[PDB]
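A.B. asks: One structure, pasted below without further comment.
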Number of protein chains: 2
Amino acid sequence: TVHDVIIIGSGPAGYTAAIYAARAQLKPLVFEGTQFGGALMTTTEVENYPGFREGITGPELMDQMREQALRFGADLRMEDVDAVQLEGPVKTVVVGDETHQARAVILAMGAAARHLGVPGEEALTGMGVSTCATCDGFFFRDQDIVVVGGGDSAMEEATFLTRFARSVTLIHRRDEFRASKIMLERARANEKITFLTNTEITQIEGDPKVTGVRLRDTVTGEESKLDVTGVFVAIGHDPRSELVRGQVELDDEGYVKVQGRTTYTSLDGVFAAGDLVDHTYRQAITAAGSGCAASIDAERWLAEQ
Amino acid sequence: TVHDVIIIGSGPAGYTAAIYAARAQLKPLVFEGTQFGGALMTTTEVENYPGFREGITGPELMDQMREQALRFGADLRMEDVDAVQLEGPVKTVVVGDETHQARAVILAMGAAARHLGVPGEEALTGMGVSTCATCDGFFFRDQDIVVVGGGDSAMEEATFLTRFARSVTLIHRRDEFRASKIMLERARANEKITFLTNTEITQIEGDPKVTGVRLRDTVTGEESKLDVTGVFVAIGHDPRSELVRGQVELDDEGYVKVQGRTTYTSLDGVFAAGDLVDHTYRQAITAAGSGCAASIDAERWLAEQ
Ligand SMILES: Cc1cc2nc3c(=O)[nH]c(=O)nc-3n(C[C@H](O)[C@H](O)[C@H](O)COP(=O)(O)OP(=O)(O)OC[C@H]3O[C@@H](n4cnc5c(N)ncnc54)[C@H](O)[C@@H]3O)c2cc1C
Ligand SMILES: Cc1cc2nc3c(=O)[nH]c(=O)nc-3n(C[C@H](O)[C@H](O)[C@H](O)COP(=O)(O)OP(=O)(O)OC[C@H]3O[C@@H](n4cnc5c(N)ncnc54)[C@H](O)[C@@H]3O)c2cc1C
Ligand SMILES: O=C(Cn1cccn1)Nc1ccc(O)cc1
Ligand SMILES: O=C(Cn1cccn1)Nc1ccc(O)cc1
Ligand SMILES: [Mg+2]
Ligand SMILES: [Mg+2]
């Protein structure tokens with residue numbers, strides 16, 4: 001059995017691709033992962049996804065997406081793809097000890113937001129801990145919050161957040177910043193931002209919601225506690241391109257490269273969508289749009305064969 | 001009063017831009033038009049917009065979008081922009097006898113699908129008359145339908161539709177096709193497609209739904225009726241770039257050009273989203289994604305000023 005298309009991933013990109021591919025009668029085979037449903041499965045309210053005047057929880061939205069794909073005939077498998085062979089007319093994916101083949105493959109594996117890896121970070125996610133100022137910054141009006149990170153990301157998150165927060169404490173483990181000079185001086189100029197260099201978070205405290213962070217000086221080991229009600233983690237993003245490295249061309253940070261304003265990768269018959277590709281917008285709606293484009297690309301490419 | 005941003009247009013691009021801009025506290029001023037709500041306001045069921053497992057009508061979806069934008073503080077005006085001055089630090093839009101100014105402008109004016117302009121075409125829209133095989137082709141399984149047009153669009157629509165339709169009659173007013181050779185021969189090879197050259201539709205018949213088309217030979221004037229239950233119009237798209245022609249760079253078909261994979265146009269402070277830009281995918285979800293990108297571009301550009 002060689003399927004028309006296999007989709008790898010189950011966030012907004014993968015499900016929107018599945019919906020279009022299934023409605024186009026391509027009978028898409030979709031490997032969702034055991035941690036299925038993408039990044040929104042790990043948040044609370046999604047308010048900026050257009051179509052929901054009163055908002056919707058992340059898992060609610062993602063299950064609508066999933067049931068929609070099922071209704072049009074997508075074959076969904078809650079399993080991880082462990083290896084792929086993407087070159088040539090017949091592509092193979094390996095899932096444990098099982099193999100599946102297709103003429104076209106849509107890569108929708110997303111990007112992981114780097115975690116601090118400290119106690120309290122996972123439990124207080126959506127309860128004071130966030131990875132996205134555009135997404136959740138709204139909810140921290142007149143509060144004291146922290147932003148963790150030393151790059152342009154952290155700089156942009158911290159400066160953006162000062163239009164809501166009472167104060168923003170920007171925490172970085174070194175005394176040097178990898179942020180561009182312009183981004184670093186914008187934050188320095190902002191009166192609502194205080195810099196804590198040579199500082200790491202060791203724990204996030206909070207009884208149902210974030211109430212404070214425990215800090216450590218990375219040079220002296222001095223520790224203290226900071227009273228805050230928000231923690232924005234901006235220590236970077238890792239595109240999940242490990243499966244396809246050495247097969248599809250990646251950029252220097254691991255993102256899958258695509259041709260022009262399409263989803264075509266460097267390999268014939270292989271298309272890529274979502275935050276696996278986009279290091280600029282990183283929203284559910286942009287990921288959803290690009291998964292629709294990937295499926296239209298694939299259908300058009302399949303018709304050419 | 002100089003606003004931070006003005007949005008021109010009220011389809012999925014404009015409303016998604018409004019939602020993001022309003023949630024970012026930019027207080028966007030949005031000119032929706034008197035024919036507000038974009039192309040979906042003129043369809044029935046929207047089934048491929050991810051997030052709705054049982055589908056949603058076009059006007060239902062668009063009003064969710066509109067109320068969502070209002071809830072975050074967008075200032076919506078149901079009025080046409082009649083002229084713009086987009087160059088320089090302060091941009092102006094003219095609405096009848098009123099003027100409004102902003103530091104940033106997001107162009108979201110969409111594209112008009114060319115109409116046949118015949119009796120019955122508007123009344124039977126969403127009732128047998130369609131402009132989008134990807135959108136509505138699903139609903140014509142085992143029926144006899146027509147596709148009107150002579151380009152790659154019509155070719156692609158006609159060939160795609162044969163996976164649903166019993167038969168597809170492809171109607172064109174000349175005996176020559178502007179479609180590329182590959183697209184024209186794909187349709188010629190398809191056994192479910194019959195070509196009617198030198199033929200125009202003069203009227204679409206239908207008591208609540210399409211039941212037939214009246215035809216005329218454009219050379220001899222011979223007329224006849226064809227029994228069909230679907231009419232797909234694929235005579236082209238016209239981007240609504242008339243406002244900005246001579247100010248923003250357009251491509252040879254009138255679409256607004258943007259830089260790379262962003263929404264930046266050729267003019268500082270001017271961004272463009274949706275089907276005004278995209279001549280490739282033309283879906284609500286892709287338009288919605290690109291209006292989110294336009295607002296993120298604008299916010300980042302405003303912060304740089
Ligand atoms: C906490 C949080 C809150 C957010 N809130 C918002 C918000 O309110 N609004 C908004 O617009 N955006 C929000 N985002 C961002 C948004 O969720 C992402 O931009 C979007 O989900 C990206 O979609 P994607 O499909 O490219 O990838 P992802 O969402 O990462 O989905 C990819 C999926 O594919 C699976 N997958 C990966 N590799 C494999 C494999 N080998 N085999 C099988 N499956 C695999 C993954 O496990 C994952 O389930 C939030 C993100 C986070 C982390
Ligand atoms: C009949 C039909 C059915 C469709 N069905 C589907 C479907 O099921 N699924 C799908 O994904 N897509 C569907 N589409 C396509 C989808 O609607 C479009 O791709 C999408 O709406 C494009 O959004 P946009 O915001 O770029 O522009 P548009 O939707 O065209 O919206 C632009 C809006 O801005 C307004 N505007 C323009 N100029 C001005 C001005 N000067 N001043 C003020 N306002 C102005 C316009 O009047 C319009 O209301 C359908 C299209 C049609 C025509
Ligand atoms: O950097 C990490 C973990 N990591 C994940 C991938 C690579 N590193 N954590 C961290 C924790 C507290 C802090 O203040 C700064 C950073
Ligand atoms: O071309 C048009 C109208 N038009 C709109 C913009 C430019 N032309 N109509 C048409 C009607 C029947 C037919 O068979 C083919 C075409
Ligand atoms: Mg996930
Ligand atoms: Mg309209």
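In the structure tokens, each chain is lettered A, B, ... as it comes, each chain's residues begin at 1, and ligands are numbered from 1 in order of appearance.
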Should the cut-off be 6 Å, what would the residue list for chain B against chain A look like, counting only C-alpha atoms, as a list in words?

C.D. replies: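 Output check: residues 16, 50, 51, 52, 53, 61, 64, 65, 67, 68, 261, 285, 286 and 289 of chain B.
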
A.B. asks: Restricting the output to C-alpha atoms, write the selected residues as a PDB file, in the first residue's frame.

C.D. replies:
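result18.pdb written:
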ATOM      1  CA  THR B  16      -7.575  38.698  12.007  1.00  0.00           C
ATOM      2  CA  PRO B  50     -10.209  24.411  10.870  1.00  0.00           C
ATOM      3  CA  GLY B  51     -11.879  24.620  14.276  1.00  0.00           C
ATOM      4  CA  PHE B  52     -15.482  23.623  13.406  1.00  0.00           C
ATOM      5  CA  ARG B  53     -16.031  19.880  13.337  1.00  0.00           C
ATOM      6  CA  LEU B  61     -17.999  32.610  10.839  1.00  0.00           C
ATOM      7  CA  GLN B  64     -17.666  35.607  15.106  1.00  0.00           C
ATOM      8  CA  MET B  65     -14.562  37.252  13.599  1.00  0.00           C
ATOM      9  CA  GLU B  67     -17.435  40.383  17.318  1.00  0.00           C
ATOM     10  CA  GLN B  68     -14.016  39.032  18.348  1.00  0.00           C
ATOM     11  CA  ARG B 261       7.728  35.623   3.346  1.00  0.00           C
ATOM     12  CA  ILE B 285      -7.577  30.125   6.574  1.00  0.00           C
ATOM     13  CA  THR B 286      -4.590  31.308   4.483  1.00  0.00           C
ATOM     14  CA  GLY B 289      -2.990  33.565   8.712  1.00  0.00           C
TER      15      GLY B 289
END

A.B. asks: Return as a count of residues only the residues of protein, DNA or RNA that approach ligand 1 to within 7 Å, with only C-alpha atoms and all ligand atoms taken into account.

C.D. replies: 53

A.B. asks: Present chain B as a short mmCIF file (atom, residue, chain, number, x, y, z; two decimals) with C-alpha atoms, in the first residue's frame, least-squares fitted onto chain A over all of its C-alpha atoms paired in order.

C.D. replies:
data_model
loop_
_atom_site.label_atom_id
_atom_site.label_comp_id
_atom_site.auth_asym_id
_atom_site.auth_seq_id
_atom_site.Cartn_x
_atom_site.Cartn_y
_atom_site.Cartn_z
CA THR B 1 0.00 0.00 0.00
CA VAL B 2 1.40 3.35 -1.12
CA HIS B 3 -0.72 6.21 0.16
CA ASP B 4 -1.14 9.47 -1.72
CA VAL B 5 0.08 11.52 1.26
CA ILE B 6 1.35 11.01 4.79
CA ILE B 7 1.26 13.87 7.29
CA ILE B 8 3.71 13.93 10.23
CA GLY B 9 2.41 16.01 13.13
CA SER B 10 -0.84 16.98 14.78
CA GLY B 11 -0.79 20.66 15.58
CA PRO B 12 -2.79 23.24 13.61
CA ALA B 13 -0.55 22.75 10.58
CA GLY B 14 -0.92 18.96 10.45
CA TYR B 15 -4.65 18.92 11.15
CA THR B 16 -5.47 21.68 8.63
CA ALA B 17 -3.41 19.75 6.07
CA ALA B 18 -5.34 16.61 6.98
CA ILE B 19 -8.69 18.38 6.59
CA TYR B 20 -7.82 19.67 3.11
CA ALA B 21 -6.18 16.42 1.98
CA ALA B 22 -9.12 14.34 3.22
CA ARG B 23 -11.73 16.65 1.68
CA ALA B 24 -9.75 16.35 -1.58
CA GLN B 25 -10.24 12.51 -1.41
CA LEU B 26 -6.53 11.86 -0.87
CA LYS B 27 -7.22 9.68 2.20
CA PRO B 28 -4.33 11.18 4.19
CA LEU B 29 -2.53 9.01 6.75
CA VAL B 30 -1.56 11.22 9.71
CA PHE B 31 0.90 10.32 12.47
CA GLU B 32 -0.13 12.54 15.38
CA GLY B 33 2.47 11.51 17.96
CA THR B 34 1.76 10.26 21.45
CA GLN B 35 1.89 13.90 22.60
CA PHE B 36 -0.68 14.80 20.00
CA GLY B 37 -2.50 18.08 19.31
CA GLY B 38 0.49 20.43 19.13
CA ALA B 39 1.44 23.28 21.40
CA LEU B 40 -2.12 24.42 22.15
CA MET B 41 -2.86 21.17 23.92
CA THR B 42 -0.54 22.56 26.64
CA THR B 43 -2.20 26.01 27.08
CA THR B 44 -5.40 27.34 28.58
CA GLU B 45 -7.46 29.94 26.72
CA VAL B 46 -6.82 30.68 23.05
CA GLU B 47 -8.25 34.16 22.41
CA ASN B 48 -6.55 35.33 19.20
CA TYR B 49 -7.58 32.44 16.94
CA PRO B 50 -10.16 34.09 14.66
CA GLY B 51 -13.64 32.56 14.69
CA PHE B 52 -14.37 32.44 18.45
CA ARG B 53 -15.76 35.69 19.81
CA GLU B 54 -15.57 34.47 23.42
CA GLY B 55 -12.38 32.42 23.03
CA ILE B 56 -11.82 28.68 23.34
CA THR B 57 -9.44 26.52 25.37
CA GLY B 58 -6.45 25.05 23.57
CA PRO B 59 -7.60 21.43 23.95
CA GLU B 60 -11.16 22.37 22.90
CA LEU B 61 -9.87 23.96 19.70
CA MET B 62 -7.52 21.12 18.95
CA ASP B 63 -10.21 18.48 19.37
CA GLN B 64 -12.52 20.37 16.97
CA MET B 65 -9.62 20.27 14.48
CA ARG B 66 -9.06 16.55 15.11
CA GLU B 67 -12.78 15.59 14.78
CA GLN B 68 -13.04 17.75 11.64
CA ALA B 69 -10.17 15.83 10.03
CA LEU B 70 -11.78 12.52 11.03
CA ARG B 71 -15.15 13.57 9.61
CA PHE B 72 -13.69 14.00 6.11
CA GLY B 73 -11.87 10.68 6.24
CA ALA B 74 -8.39 11.31 7.61
CA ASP B 75 -6.79 8.15 9.03
CA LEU B 76 -5.32 9.39 12.33
CA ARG B 77 -2.67 7.36 14.20
CA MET B 78 -1.65 8.43 17.74
CA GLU B 79 1.97 7.30 17.22
CA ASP B 80 5.46 8.79 16.75
CA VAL B 81 7.32 8.59 13.49
CA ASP B 82 10.80 7.35 14.46
CA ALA B 83 12.59 7.55 11.07
CA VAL B 84 11.85 8.53 7.47
CA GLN B 85 13.23 7.87 4.00
CA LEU B 86 12.03 10.87 1.99
CA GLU B 87 13.94 10.61 -1.31
CA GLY B 88 12.43 9.13 -4.43
CA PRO B 89 9.00 8.25 -5.79
CA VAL B 90 8.00 6.19 -2.74
CA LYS B 91 8.67 7.65 0.72
CA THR B 92 8.77 5.52 3.87
CA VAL B 93 8.04 6.34 7.51
CA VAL B 94 8.96 3.94 10.32
CA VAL B 95 6.75 3.87 13.42
CA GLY B 96 8.22 1.49 15.95
CA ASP B 97 8.37 -1.81 14.03
CA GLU B 98 5.80 -0.77 11.39
CA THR B 99 6.39 0.87 8.01
CA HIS B 100 4.11 3.09 5.92
CA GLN B 101 4.70 4.50 2.43
CA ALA B 102 3.36 7.42 0.40
CA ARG B 103 3.94 9.38 -2.79
CA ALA B 104 3.94 12.71 -0.93
CA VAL B 105 4.91 13.68 2.62
CA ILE B 106 3.86 16.80 4.54
CA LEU B 107 6.22 17.68 7.41
CA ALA B 108 4.28 19.37 10.20
CA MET B 109 6.37 18.45 13.24
CA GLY B 110 6.41 21.93 14.79
CA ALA B 111 8.99 23.49 17.09
CA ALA B 112 9.63 22.87 20.76
CA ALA B 113 9.81 25.90 23.01
CA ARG B 114 12.92 25.42 25.14
CA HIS B 115 11.98 24.68 28.75
CA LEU B 116 13.77 26.01 31.81
CA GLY B 117 13.59 22.49 33.24
CA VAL B 118 12.92 23.62 36.83
CA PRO B 119 10.35 22.45 39.42
CA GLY B 120 7.01 24.19 39.04
CA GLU B 121 7.45 25.09 35.37
CA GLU B 122 5.14 22.45 33.94
CA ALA B 123 2.49 22.50 36.69
CA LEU B 124 2.09 26.30 36.53
CA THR B 125 2.00 26.42 32.72
CA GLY B 126 -1.12 28.35 31.71
CA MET B 127 -1.34 29.35 35.40
CA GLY B 128 1.30 32.08 35.37
CA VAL B 129 4.01 30.42 33.25
CA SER B 130 3.92 31.30 29.56
CA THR B 131 6.04 31.02 26.42
CA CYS B 132 4.30 33.69 24.36
CA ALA B 133 3.76 37.36 25.24
CA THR B 134 1.59 37.87 22.15
CA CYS B 135 -0.58 34.96 23.31
CA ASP B 136 -0.90 35.52 27.08
CA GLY B 137 0.67 38.93 27.83
CA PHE B 138 -2.89 40.34 27.92
CA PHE B 139 -3.60 38.56 31.21
CA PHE B 140 -0.80 40.11 33.32
CA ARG B 141 -2.00 43.71 33.45
CA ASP B 142 -0.58 45.67 36.45
CA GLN B 143 1.41 42.65 37.68
CA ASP B 144 5.12 42.13 38.36
CA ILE B 145 6.51 39.48 35.99
CA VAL B 146 9.81 38.03 34.76
CA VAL B 147 11.10 37.26 31.28
CA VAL B 148 13.90 34.68 30.98
CA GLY B 149 16.39 34.77 28.13
CA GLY B 150 19.21 36.70 26.53
CA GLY B 151 18.35 36.98 22.83
CA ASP B 152 16.19 39.13 20.57
CA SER B 153 13.21 36.94 21.52
CA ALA B 154 13.51 37.76 25.23
CA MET B 155 14.17 41.43 24.38
CA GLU B 156 11.08 41.64 22.19
CA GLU B 157 8.92 39.74 24.69
CA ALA B 158 10.06 41.93 27.61
CA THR B 159 9.54 45.25 25.79
CA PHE B 160 6.16 44.17 24.36
CA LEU B 161 4.96 43.09 27.83
CA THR B 162 5.54 46.49 29.44
CA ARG B 163 2.30 47.72 27.85
CA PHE B 164 0.48 45.39 30.27
CA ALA B 165 2.76 44.60 33.21
CA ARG B 166 3.45 46.82 36.20
CA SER B 167 7.11 45.79 35.94
CA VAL B 168 9.23 43.32 33.96
CA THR B 169 12.37 41.71 35.40
CA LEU B 170 14.47 40.31 32.54
CA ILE B 171 16.62 37.42 33.85
CA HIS B 172 19.70 36.04 32.05
CA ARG B 173 22.31 33.49 33.19
CA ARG B 174 25.33 35.41 31.82
CA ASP B 175 26.44 39.04 31.84
CA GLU B 176 26.59 39.12 28.03
CA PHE B 177 23.55 39.22 25.74
CA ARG B 178 23.29 37.49 22.39
CA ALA B 179 20.52 39.97 21.51
CA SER B 180 21.24 42.42 18.72
CA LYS B 181 22.39 45.86 19.83
CA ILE B 182 19.12 47.51 18.76
CA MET B 183 16.97 45.05 20.71
CA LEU B 184 19.22 45.26 23.77
CA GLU B 185 19.16 49.07 23.85
CA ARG B 186 15.37 49.19 23.38
CA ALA B 187 15.01 47.12 26.55
CA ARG B 188 17.65 49.21 28.34
CA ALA B 189 15.75 52.37 27.39
CA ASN B 190 12.47 50.95 28.74
CA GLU B 191 11.84 52.26 32.26
CA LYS B 192 9.59 49.31 33.17
CA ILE B 193 12.39 46.75 32.62
CA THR B 194 15.11 45.78 35.12
CA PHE B 195 17.96 43.47 34.09
CA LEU B 196 19.20 40.61 36.30
CA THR B 197 22.39 39.22 34.72
CA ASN B 198 24.32 36.20 36.01
CA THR B 199 20.99 34.92 37.32
CA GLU B 200 19.02 31.71 36.83
CA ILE B 201 15.62 30.57 38.06
CA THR B 202 15.87 27.41 40.17
CA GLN B 203 12.15 26.98 40.97
CA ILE B 204 8.78 28.60 40.26
CA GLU B 205 6.50 28.86 43.31
CA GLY B 206 2.71 28.93 43.20
CA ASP B 207 -0.29 27.48 45.04
CA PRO B 208 -2.56 27.30 42.03
CA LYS B 209 -0.87 30.20 40.23
CA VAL B 210 2.65 31.62 40.04
CA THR B 211 3.52 33.55 43.20
CA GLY B 212 7.31 33.86 42.95
CA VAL B 213 10.57 32.52 41.57
CA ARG B 214 13.63 31.34 43.44
CA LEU B 215 16.80 32.82 41.93
CA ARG B 216 20.48 31.87 41.97
CA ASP B 217 23.50 33.92 40.97
CA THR B 218 25.36 31.75 38.44
CA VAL B 219 28.72 33.16 39.60
CA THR B 220 28.49 33.31 43.41
CA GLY B 221 25.66 30.87 44.14
CA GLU B 222 23.77 33.49 46.16
CA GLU B 223 20.06 32.65 46.20
CA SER B 224 16.97 34.73 46.92
CA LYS B 225 13.25 34.76 46.15
CA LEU B 226 11.41 37.22 43.88
CA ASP B 227 7.68 37.92 44.32
CA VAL B 228 6.14 37.86 40.82
CA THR B 229 2.92 36.50 39.31
CA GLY B 230 4.15 35.77 35.79
CA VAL B 231 7.10 33.97 34.21
CA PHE B 232 7.62 34.30 30.45
CA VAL B 233 10.16 31.84 29.11
CA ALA B 234 11.96 33.11 26.02
CA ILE B 235 15.11 31.00 25.97
CA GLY B 236 14.57 29.95 22.35
CA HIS B 237 12.81 27.55 20.02
CA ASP B 238 14.00 24.23 18.58
CA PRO B 239 12.38 23.19 15.27
CA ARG B 240 11.65 19.46 15.33
CA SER B 241 13.68 18.72 12.20
CA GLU B 242 15.79 15.83 13.61
CA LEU B 243 13.85 13.28 11.53
CA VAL B 244 14.73 14.96 8.25
CA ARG B 245 18.23 16.33 8.87
CA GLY B 246 20.54 15.22 6.06
CA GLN B 247 17.56 14.69 3.74
CA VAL B 248 15.81 18.07 3.47
CA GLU B 249 17.79 21.31 3.43
CA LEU B 250 17.63 23.14 6.78
CA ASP B 251 18.75 26.63 7.70
CA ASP B 252 21.53 27.27 10.21
CA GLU B 253 19.06 27.05 13.13
CA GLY B 254 17.43 23.79 11.98
CA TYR B 255 14.27 25.18 10.34
CA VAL B 256 13.11 23.44 7.15
CA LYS B 257 13.72 25.65 4.12
CA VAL B 258 10.90 26.14 1.60
CA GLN B 259 10.84 27.63 -1.89
CA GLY B 260 9.55 31.18 -2.16
CA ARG B 261 6.09 31.63 -0.64
CA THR B 262 5.19 27.92 -1.05
CA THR B 263 5.66 24.86 1.17
CA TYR B 264 7.93 22.95 -1.26
CA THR B 265 11.13 21.75 0.40
CA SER B 266 14.40 20.79 -1.32
CA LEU B 267 13.06 17.25 -1.93
CA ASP B 268 10.51 16.43 -4.64
CA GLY B 269 7.22 15.34 -3.10
CA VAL B 270 8.09 16.68 0.37
CA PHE B 271 6.31 19.75 1.78
CA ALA B 272 6.64 21.54 5.13
CA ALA B 273 4.32 23.75 7.15
CA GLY B 274 3.96 25.37 10.50
CA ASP B 275 6.56 26.28 13.08
CA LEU B 276 8.94 23.66 11.66
CA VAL B 277 9.39 26.31 8.95
CA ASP B 278 8.30 29.66 10.41
CA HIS B 279 10.67 31.28 12.90
CA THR B 280 8.89 34.63 12.58
CA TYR B 281 5.17 34.50 13.50
CA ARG B 282 4.62 31.24 15.42
CA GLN B 283 0.86 31.41 15.91
CA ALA B 284 -1.83 28.76 15.57
CA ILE B 285 -3.57 30.73 12.80
CA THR B 286 -0.36 31.14 10.75
CA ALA B 287 0.48 27.44 11.28
CA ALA B 288 -3.07 26.54 10.25
CA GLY B 289 -2.81 28.66 7.09
CA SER B 290 0.47 27.09 6.08
CA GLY B 291 -0.86 23.55 6.57
CA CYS B 292 -3.66 24.39 4.15
CA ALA B 293 -1.05 25.64 1.66
CA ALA B 294 0.98 22.44 2.12
CA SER B 295 -2.01 20.32 1.19
CA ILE B 296 -2.79 22.43 -1.88
CA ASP B 297 0.87 22.20 -2.94
CA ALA B 298 0.79 18.42 -2.45
CA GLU B 299 -2.44 17.93 -4.40
CA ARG B 300 -1.12 20.03 -7.27
CA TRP B 301 2.17 18.17 -7.19
CA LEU B 302 0.42 14.78 -7.11
CA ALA B 303 -1.72 15.81 -10.12
CA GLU B 304 1.49 16.58 -12.05
CA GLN B 305 2.65 12.97 -11.59
#

A.B. asks: Select from range 25-270 of chain B everything DSSP, run on the backbone, classes as helix (DSSP H, G or I), then give the selection as number ranges by chain.

C.D. replies: B: 39-42, 58-71, 133-140, 152-161, 181-189, 242-244

A.B. asks: Next, write the just-selected residues to a file, as an mmCIF file, in the first residue's frame, keeping C-alpha atoms as the atom set.

C.D. replies:
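For reference, part31.cif as written:
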data_model
loop_
_atom_site.group_PDB
_atom_site.id
_atom_site.type_symbol
_atom_site.label_atom_id
_atom_site.label_comp_id
_atom_site.auth_asym_id
_atom_site.auth_seq_id
_atom_site.Cartn_x
_atom_site.Cartn_y
_atom_site.Cartn_z
ATOM 1 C CA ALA B 39 -16.080 36.684 0.302
ATOM 2 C CA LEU B 40 -17.499 34.265 2.882
ATOM 3 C CA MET B 41 -20.406 36.589 3.546
ATOM 4 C CA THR B 42 -21.595 35.482 0.065
ATOM 5 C CA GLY B 58 -19.945 31.900 5.985
ATOM 6 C CA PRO B 59 -21.876 34.729 7.657
ATOM 7 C CA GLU B 60 -21.791 32.906 11.021
ATOM 8 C CA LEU B 61 -17.999 32.610 10.839
ATOM 9 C CA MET B 62 -17.543 36.177 9.712
ATOM 10 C CA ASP B 63 -19.681 37.581 12.513
ATOM 11 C CA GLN B 64 -17.666 35.607 15.106
ATOM 12 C CA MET B 65 -14.562 37.252 13.599
ATOM 13 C CA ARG B 66 -16.202 40.696 13.683
ATOM 14 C CA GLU B 67 -17.435 40.383 17.318
ATOM 15 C CA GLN B 68 -14.016 39.032 18.348
ATOM 16 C CA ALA B 69 -12.320 42.126 16.910
ATOM 17 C CA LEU B 70 -14.843 44.370 18.669
ATOM 18 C CA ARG B 71 -14.321 42.590 21.994
ATOM 19 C CA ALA B 133 -13.945 23.747 -6.509
ATOM 20 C CA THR B 134 -11.744 23.246 -3.442
ATOM 21 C CA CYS B 135 -14.459 24.899 -1.338
ATOM 22 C CA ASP B 136 -17.703 23.428 -2.733
ATOM 23 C CA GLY B 137 -16.700 20.675 -5.197
ATOM 24 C CA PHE B 138 -17.453 18.165 -2.405
ATOM 25 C CA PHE B 139 -21.196 18.804 -2.727
ATOM 26 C CA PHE B 140 -21.620 17.864 -6.422
ATOM 27 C CA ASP B 152 -5.196 27.405 -15.974
ATOM 28 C CA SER B 153 -7.743 28.175 -13.241
ATOM 29 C CA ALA B 154 -10.642 26.690 -15.211
ATOM 30 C CA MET B 155 -8.437 23.758 -16.277
ATOM 31 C CA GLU B 156 -7.430 23.006 -12.695
ATOM 32 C CA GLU B 157 -10.985 23.445 -11.378
ATOM 33 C CA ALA B 158 -12.445 21.175 -14.080
ATOM 34 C CA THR B 159 -9.889 18.380 -13.625
ATOM 35 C CA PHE B 160 -10.084 18.535 -9.808
ATOM 36 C CA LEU B 161 -13.898 18.335 -9.929
ATOM 37 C CA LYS B 181 -0.250 23.526 -22.670
ATOM 38 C CA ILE B 182 0.195 21.149 -19.715
ATOM 39 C CA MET B 183 -3.058 22.233 -18.059
ATOM 40 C CA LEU B 184 -4.960 22.106 -21.352
ATOM 41 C CA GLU B 185 -3.765 18.593 -22.197
ATOM 42 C CA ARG B 186 -4.527 17.300 -18.682
ATOM 43 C CA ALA B 187 -8.149 18.353 -19.189
ATOM 44 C CA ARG B 188 -8.170 16.932 -22.734
ATOM 45 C CA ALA B 189 -6.876 13.620 -21.381
ATOM 46 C CA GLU B 242 -7.079 50.118 -7.494
ATOM 47 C CA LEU B 243 -6.736 52.259 -4.347
ATOM 48 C CA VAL B 244 -2.982 51.762 -4.160
#
